[PDB]
Amino acid sequence: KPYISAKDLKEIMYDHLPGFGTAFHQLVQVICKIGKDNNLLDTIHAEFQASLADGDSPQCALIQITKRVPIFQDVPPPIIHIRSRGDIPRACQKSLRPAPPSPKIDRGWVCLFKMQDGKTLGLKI
């Protein structure tokens, strides 16, 4: 069992972020779910801290996690099912892009939004 829970890591990360419902907030969620599912929460937490200690901003640290914690190169961006495009947080809207064939988390593709109508948009940082 992890010293830090998915819920608590999310809160710690959220505490460091400006605004609400940004692409970074969504990235926090992707990171925590991947960490929780693969039992890497503590590793992820430490990497977050280490990046901040290097002098990186919190946004930059989240990006660093995707490049430095190996698992984020080895799994595809999560597919998140929603009903319509309005379900996506306002702050994320500006970051939606057509979904390429091979999006990579470590290149900024946070997740894929799959709508009810069958359409798909990627979230890109």
# chains A, B, ... in the order shown; residues from 1 in each chain; ligands from 1
>>> residues_around(residues="region 60-63 of chain A", least_positions_apart="3", cutoff="6 Å", atoms="only C-alpha atoms", output="list in words")
residues 48, 51, 56, 57 and 66 of chain A
>>> select_by_dssp(residues="chain A", states="helix (DSSP H, G or I)", output="ChimeraX atom specification")
/A:6-15,23-38,41-53,58-68,71-74,85-87,90-93,105-107
>>> closest_residue(among="A:1, A:111, A:100, A:95", to="residue 34 (chain A)", atoms="only C-alpha atoms")
A:111
>>> closest_residue(among="A:91, A:50, A:23, A:79", to="residue 125 (chain A)", atoms="only C-alpha atoms")
A:23
>>> closest_residue(among="A:43, A:29, A:84, A:73", to="residue 118 (chain A)", atoms="only C-alpha atoms")
A:84
>>> select_by_dssp(residues="chain A", states="strand (DSSP E or B)", output="PDB file with N, CA, C and O atoms, in the first residue's frame")
ATOM      1  N   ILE A  79      -8.745   6.827 -22.880  1.00  0.00           N
ATOM      2  CA  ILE A  79      -9.953   7.260 -23.560  1.00  0.00           C
ATOM      3  C   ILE A  79     -11.040   7.549 -22.542  1.00  0.00           C
ATOM      4  O   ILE A  79     -11.460   6.675 -21.800  1.00  0.00           O
ATOM      5  N   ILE A  80     -11.487   8.789 -22.505  1.00  0.00           N
ATOM      6  CA  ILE A  80     -12.530   9.178 -21.583  1.00  0.00           C
ATOM      7  C   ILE A  80     -13.881   9.397 -22.299  1.00  0.00           C
ATOM      8  O   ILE A  80     -14.007  10.284 -23.152  1.00  0.00           O
ATOM      9  N   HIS A  81     -14.876   8.574 -21.962  1.00  0.00           N
ATOM     10  CA  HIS A  81     -16.196   8.667 -22.591  1.00  0.00           C
ATOM     11  C   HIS A  81     -17.035   9.747 -21.943  1.00  0.00           C
ATOM     12  O   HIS A  81     -17.227   9.748 -20.734  1.00  0.00           O
ATOM     13  N   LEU A  96      -8.234  21.318 -27.085  1.00  0.00           N
ATOM     14  CA  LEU A  96      -8.741  20.195 -27.885  1.00  0.00           C
ATOM     15  C   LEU A  96      -8.204  20.229 -29.313  1.00  0.00           C
ATOM     16  O   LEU A  96      -8.135  21.289 -29.931  1.00  0.00           O
ATOM     17  N   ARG A  97      -7.816  19.061 -29.819  1.00  0.00           N
ATOM     18  CA  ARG A  97      -7.253  18.928 -31.156  1.00  0.00           C
ATOM     19  C   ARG A  97      -7.796  17.671 -31.796  1.00  0.00           C
ATOM     20  O   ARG A  97      -8.206  16.751 -31.104  1.00  0.00           O
ATOM     21  N   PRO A  98      -7.810  17.633 -33.133  1.00  0.00           N
ATOM     22  CA  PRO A  98      -8.165  16.388 -33.807  1.00  0.00           C
ATOM     23  C   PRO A  98      -7.247  15.293 -33.316  1.00  0.00           C
ATOM     24  O   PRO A  98      -6.058  15.514 -33.070  1.00  0.00           O
ATOM     25  N   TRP A 109      -0.222  14.625 -25.247  1.00  0.00           N
ATOM     26  CA  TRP A 109      -1.600  14.151 -25.428  1.00  0.00           C
ATOM     27  C   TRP A 109      -2.090  13.577 -24.106  1.00  0.00           C
ATOM     28  O   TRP A 109      -1.731  12.465 -23.725  1.00  0.00           O
ATOM     29  N   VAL A 110      -2.870  14.377 -23.391  1.00  0.00           N
ATOM     30  CA  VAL A 110      -3.321  14.026 -22.065  1.00  0.00           C
ATOM     31  C   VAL A 110      -4.307  12.851 -22.113  1.00  0.00           C
ATOM     32  O   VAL A 110      -4.175  11.879 -21.362  1.00  0.00           O
ATOM     33  N   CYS A 111      -5.277  12.929 -23.013  1.00  0.00           N
ATOM     34  CA  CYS A 111      -6.311  11.906 -23.069  1.00  0.00           C
ATOM     35  C   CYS A 111      -7.097  12.073 -24.346  1.00  0.00           C
ATOM     36  O   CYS A 111      -6.931  13.063 -25.056  1.00  0.00           O
ATOM     37  N   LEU A 112      -7.953  11.101 -24.636  1.00  0.00           N
ATOM     38  CA  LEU A 112      -8.878  11.221 -25.751  1.00  0.00           C
ATOM     39  C   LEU A 112     -10.331  11.270 -25.245  1.00  0.00           C
ATOM     40  O   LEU A 112     -10.766  10.406 -24.463  1.00  0.00           O
ATOM     41  N   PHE A 113     -11.066  12.292 -25.675  1.00  0.00           N
ATOM     42  CA  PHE A 113     -12.478  12.404 -25.340  1.00  0.00           C
ATOM     43  C   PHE A 113     -13.319  11.788 -26.451  1.00  0.00           C
ATOM     44  O   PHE A 113     -13.302  12.244 -27.593  1.00  0.00           O
ATOM     45  N   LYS A 114     -14.032  10.725 -26.102  1.00  0.00           N
ATOM     46  CA  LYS A 114     -14.892  10.018 -27.026  1.00  0.00           C
ATOM     47  C   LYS A 114     -16.330  10.411 -26.701  1.00  0.00           C
ATOM     48  O   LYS A 114     -16.834  10.091 -25.624  1.00  0.00           O
ATOM     49  N   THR A 120     -14.472  12.141 -31.719  1.00  0.00           N
ATOM     50  CA  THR A 120     -13.320  12.082 -30.828  1.00  0.00           C
ATOM     51  C   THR A 120     -12.438  13.319 -30.920  1.00  0.00           C
ATOM     52  O   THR A 120     -12.085  13.757 -32.008  1.00  0.00           O
ATOM     53  N   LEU A 121     -12.080  13.877 -29.768  1.00  0.00           N
ATOM     54  CA  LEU A 121     -11.122  14.976 -29.719  1.00  0.00           C
ATOM     55  C   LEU A 121     -10.035  14.650 -28.716  1.00  0.00           C
ATOM     56  O   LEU A 121     -10.301  14.060 -27.675  1.00  0.00           O
ATOM     57  N   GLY A 122      -8.804  15.022 -29.040  1.00  0.00           N
ATOM     58  CA  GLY A 122      -7.700  14.840 -28.123  1.00  0.00           C
ATOM     59  C   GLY A 122      -7.423  16.093 -27.316  1.00  0.00           C
ATOM     60  O   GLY A 122      -7.656  17.212 -27.773  1.00  0.00           O
ATOM     61  N   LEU A 123      -6.925  15.903 -26.102  1.00  0.00           N
ATOM     62  CA  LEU A 123      -6.505  17.021 -25.262  1.00  0.00           C
ATOM     63  C   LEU A 123      -4.984  17.118 -25.337  1.00  0.00           C
ATOM     64  O   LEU A 123      -4.269  16.175 -24.982  1.00  0.00           O
ATOM     65  N   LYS A 124      -4.495  18.257 -25.820  1.00  0.00           N
ATOM     66  CA  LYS A 124      -3.078  18.422 -26.111  1.00  0.00           C
ATOM     67  C   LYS A 124      -2.500  19.598 -25.363  1.00  0.00           C
ATOM     68  O   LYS A 124      -3.060  20.690 -25.373  1.00  0.00           O
TER      69      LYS A 124
END
>>> closest_residue(among="A:58, A:92, A:37, A:2", to="residue 15 (chain A)", atoms="only C-alpha atoms")
A:58
>>> closest_residue(among="A:108, A:77, A:89, A:35", to="residue 22 (chain A)", atoms="only C-alpha atoms")
A:89
>>> closest_residue(among="A:47, A:39, A:59, A:117", to="residue 16 (chain A)", atoms="only C-alpha atoms")
A:59
>>> atom_distance(atom1="CA of residue 93 (chain A)", atom2="CA of residue 26 (chain A)")
11.8 Å
>>> atom_distance(atom1="CA of residue 40 (chain A)", atom2="CA of residue 4 (chain A)")
10.0 Å
